[PDB]
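Trainee: Dropping the structure in here first, questions after.
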Amino acid sequence: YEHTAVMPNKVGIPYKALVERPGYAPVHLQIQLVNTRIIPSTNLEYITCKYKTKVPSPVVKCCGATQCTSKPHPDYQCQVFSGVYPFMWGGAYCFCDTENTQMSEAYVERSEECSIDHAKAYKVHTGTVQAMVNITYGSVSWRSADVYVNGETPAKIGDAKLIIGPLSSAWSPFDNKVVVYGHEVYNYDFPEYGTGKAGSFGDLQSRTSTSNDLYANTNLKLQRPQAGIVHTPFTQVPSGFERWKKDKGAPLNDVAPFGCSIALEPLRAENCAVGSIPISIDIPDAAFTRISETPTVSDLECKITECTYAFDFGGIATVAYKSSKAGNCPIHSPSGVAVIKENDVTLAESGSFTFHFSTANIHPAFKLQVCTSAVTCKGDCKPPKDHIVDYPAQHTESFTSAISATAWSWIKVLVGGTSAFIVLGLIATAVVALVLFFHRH
Amino acid sequence: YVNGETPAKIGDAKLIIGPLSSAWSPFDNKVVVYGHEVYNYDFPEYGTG
Amino acid sequence: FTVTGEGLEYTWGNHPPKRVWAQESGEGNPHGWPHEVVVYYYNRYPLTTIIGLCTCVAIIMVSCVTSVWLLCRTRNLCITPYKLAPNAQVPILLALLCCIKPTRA
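Line order of the protein sequences matches chains A, D and B. Just so you know, the authors' numbering puts 155 at position 155 of the first sequence, and the rest follows in order with no gaps. With the second sequence counted from 1, adding 147 to any position gets you the authors' numbering. With the third sequence counted from 1, adding 315 to any position gets you the authors' numbering.
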């Protein structure tokens, strides 16, 4: 048998339903989610890290000139200094006074730390959504396996067959371009591998962590070695990646709405709460017993003992019944006024049973069906003492969940009396018109 | 690279090829690649057949 | 930090995150006098019950000045076919019941 419905996109809140095969006893059904992961499709563009500029040994011609060509290196620099006359240990290095030449070339490359901490640049696209469901039905225990949230694919669990419907919202916390540095994820824009302004984010752009070609502009410039000392000095702007790690705001796993915890190894967005998920479950035909082998109850009267507003199961009710035989049959409230803590009861011959429920109304007007027989329950509820709890609400608050009986009496008085005060006015002009018409003849 | 940002050095010049005026692509959302020819085909999506 | 019924989470230092939700306690009492009813709904809704309070007195003011533009017009048609000719005997139903001005002469 196939049962279709719509479940909401909440994780810890179970969905309860009562399937009704004709000619057979009803079977309780319980679907619960564990995970909900949105997995966008990403492709790496470039990584970035702190640079490390190496300087080769300069050549010191004693008297002459040595020019350099152009080398295929990122941010390569050449500048020839004339007339240096350097000193080393053990006397002066050169002889030809006031006519000398120093090479002093410099070159920018990736640091050794770039294999460990590096920000990875991605663009995302819409990909797969998958979840993890928990299923029980009848007398079968809990079974769980991860499904795919597309209408087309079925995933069997136990002996059933579940088709989780598509999500009704295409919302995703990720932007078009993201930066994944270390543990956290940032919503950011890139200089698109061509540009980089030497001090913000893209002063070193490498397409792969082991790539050979490298882009780097760090405003490298060489300076004159002074006072006859053999060294190659240079001034350049500091690293933009080192600056970005100071001046970055909050990561996406602290800003994302709906409580989406962001994971990393497939770059997921776990456990969001938006929209609703349709369902369809193929219950096996061997789980349905014949209706004649079940108790048939009658003369049900339900009185709600104590009720309250609270997020947990704060309502207690008792049902007095009378049954033909002793057995088990599930209970379920089809309305949204209350949810039921219990799933089934053990019956006898003309006894009683009690159950726990949670609601948001002052006056609950729900009904529940036990042993394919229904009974209505009414009552009153009280405000709870607790101000803040640490668990989500089991129920769903509606638009008219706050209006009491006394507040609706003032709604009807303020509407009924003032509308009828115009009806008295409108019937007054239709009477004196009739009186003046009868004065005409 | 055809985007208005990345520059390329062709000899001693520097060319920045701008973005295309149309975002038209011949491929559909789902394609099938058999041999050396592509097809604009839909999918049974791994659960159906 | 203001916590609503949707929830709020906070991380302090290197501690794991903690989530808290707000219940619907309130301060007032809905089953009582009209000053007690409004106070309870003002704390629960501080954004909707100040509009519906102004709307309900806007409709009442409109419906009151609509009716007295029609009750006084009707009473102005009781007097104009009787006060013109004072010799006509005014019936006893129109003196007090149907319209307010009583008999004389």
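Just so it is clear, CB atoms sit at the ideal spot from N, CA and C, and this is done for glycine as well.
Count the other CB atoms within 10 Å of the CB of residue 387(B); is the residue buried (16 or more) or exposed (fewer)?
Mentor: Counting Cβ neighbours within 10 Å, residue 387(B) comes out exposed, since fewer than 16 surround it.
Trainee: Using a beta-carbon distance cut-off of less than 7 Å, what residues from the region 148 to 171 of chain D approach chain A?
Mentor: Answer in chain order: 150, 152, 153 and 154.
Trainee: Give a yes or no on whether the minimum CB-CB distance between residue 390(A) and chain B is below 8 Å.
Mentor: For residue 390(A), the answer is yes, since a Cβ of chain B falls inside 8 Å of its Cβ.
Trainee: If contact is defined by three or more beta carbon pairs under 8 Å, each pair taking one atom from either stretch, is the region 46 to 66 of chain A in contact with the region 298 to 315 of chain A?
Mentor: With a cut-off of 8 Å, the region 46 to 66 of chain A and the region 298 to 315 of chain A do not count as touching, because too few Cβ pairs lie within range.
Trainee: Under three-state DSSP, which class holds residue 118(A)?
Mentor: DSSP places residue 118(A) in coil when its eight states are reduced to three.
Trainee: Against residue 371(B), what residues of chain A qualify as contacts under a CB-to-CB distance less than 7 Å, listed in chain order?
Mentor: Going along chain A in sequence order, the residues near residue 371(B) (Cβ under 7 Å) are 414.
Trainee: Let me confirm a value: residue 105(A) is counted as buried when at least 16 other C-beta atoms fall within 10 Å, else exposed. Which label applies?
Mentor: Per the 10 Å Cβ criterion, buried.
Trainee: By how many angstroms is the C-alpha of residue 313(A) removed from the C-alpha of residue 400(A)?
Mentor: When rounded, the distance between both Cα atoms is 20 Å.
Trainee: Are the Cβ atoms of residue 283(A) and residue 6(A) separated by less than 8 Å?
Mentor: Against a cut-off of 8 Å, the Cβ pair of residue 6(A) and residue 283(A) comes out as no contact.
Trainee: Within this structure, are the beta carbons of residue 276(A) and residue 295(A) separated by less than 8 Å?
Mentor: Going by C-beta atoms, residue 276(A) is not nearer than 8 Å to residue 295(A).
Trainee: Quick one: is residue 309(A) near chain B, going by C-beta distance under 8 Å?
Mentor: Chain B, which has a Cβ nearer than 8 Å to the Cβ of residue 309(A), makes this yes.
Trainee: In its own chain, which residues sit with a C-beta less than 6 Å from the C-beta of residue 8(A), not counting the 5 before and 5 after it?
Mentor: 276, listed in sequence order.
Trainee: Output, in chain order, the set of chain A residues within a Cβ distance shorter than 7 Å of residue 193(D).
Mentor: The answer, in chain order, is 153.
Trainee: According to DSSP, is residue 82(A) part of a helix, a strand, or is it coil?
Mentor: Correct three-state label for residue 82(A): strand.
Trainee: Among 326(A), 162(A), 184(A) and 373(A), which one has its Cα closest to the Cα of residue 143(A)?
Mentor: Residue 143(A) has its Cα closest to that of 162(A), out of 326(A), 162(A), 184(A) and 373(A).
Trainee: Are the beta-carbon atoms of residue 388(A) and residue 336(B) separated by less than 8 Å?
Mentor: Yes, the pair counts as a contact, with Cβ atoms nearer than the cut-off.
Trainee: In angstroms, rounded to a whole number, what distance separates the CA positions of residue 414(B) and residue 371(B)?
Mentor: The alpha-carbon atoms of residue 414(B) and residue 371(B) are separated by roughly 30 Å.
Trainee: Which of the three DSSP states, helix, strand or coil, is assigned to residue 274(A)?
Mentor: Here residue 274(A) sits in coil by DSSP.
Trainee: Can you pull the chain A neighbours of residue 359(B), defined as C-beta to C-beta under 9 Å?
Mentor: Per Cβ cutoff of 9 Å: 402.
Trainee: Hey, does residue 138(A) have any beta-carbon neighbour from chain C nearer than 8 Å?
Mentor: Judged by its chain identifiers, the structure shown contains no chain C, and its protein chains are A, D and B.
Trainee: Would the beta-carbon of residue 386(A) fall within 8 Å of that of residue 307(A)?
Mentor: Result no, Cβ atoms of residue 386(A) and residue 307(A) do not sit closer than 8 Å.
Trainee: Only counting the same chain, and skipping five residues up and downstream in sequence, which positions put a Cβ closer than 6 Å to that of residue 332(B)?
Mentor: Only 324 and 326 meet the Cβ criterion.
Trainee: Which residue's Cα is closest to the Cα of residue 359(A): 159(A), 210(A), 390(A) and 402(A)?
Mentor: The residue with the shortest Cα to Cα distance from residue 359(A) is 402(A).
Trainee: Step through the CB atoms of chain A and report whether any lies within less than 8 Å of the CB of residue 345(B).
Mentor: Yes, its Cβ sits closer than 8 Å to a Cβ of chain A.
Trainee: Chain B beta carbons: is any one of them nearer than 8 Å to that of residue 383(A)?
Mentor: Yes, contact with chain B.
Trainee: Relative to the C-alpha of residue 168(D), which candidate in 149(D), 194(D) and 189(D) has its C-alpha closest?
Mentor: That would be 149(D), whose Cα lies nearest to the Cα of residue 168(D).
Trainee: Please work out which residues of its chain come closer than 8 Å, Cβ to Cβ, to residue 345(B), disregarding the five sequence neighbours upstream and downstream, and give them in chain order.
Mentor: Hits under 8 Å: 351, 352, 355 and 356.
Trainee: Give the secondary structure of residue 76(A) by DSSP, where H, G and I count as helix, E and B as strand, and everything else as coil.
Mentor: The answer is coil: DSSP assigns residue 76(A) none of H, G, I, E or B.
Trainee: Check whether the Cβ atoms of residue 366(A) and residue 315(A) sit closer than 8 Å, and answer yes or no.
Mentor: Cβ atoms of residue 366(A) and residue 315(A): not closer than 8 Å.
Trainee: Does DSSP put residue 231(A) in a helix, in a strand, or in coil?
Mentor: It is coil, neither helix nor strand.
Trainee: On the DSSP bridge list, what partners appear for residue 88(A)?
Mentor: The partner list for residue 88(A) (beta bridge, DSSP) is empty, contrary to what the question assumes.
Trainee: Counting C-beta neighbours from all protein chains within 10 Å, is the total for residue 426(A) 16 or more, i.e. buried, or is it exposed?
Mentor: Residue 426(A) should be labelled exposed.
Trainee: Quick one: list the residues of chain B neighbouring residue 421(A), beta-carbon separation under 7 Å, in chain order.
Mentor: The answer, in chain order, is 378 and 382.
Trainee: So for residue 384(B), helix, strand or coil by DSSP?
Mentor: Helix at residue 384(B).
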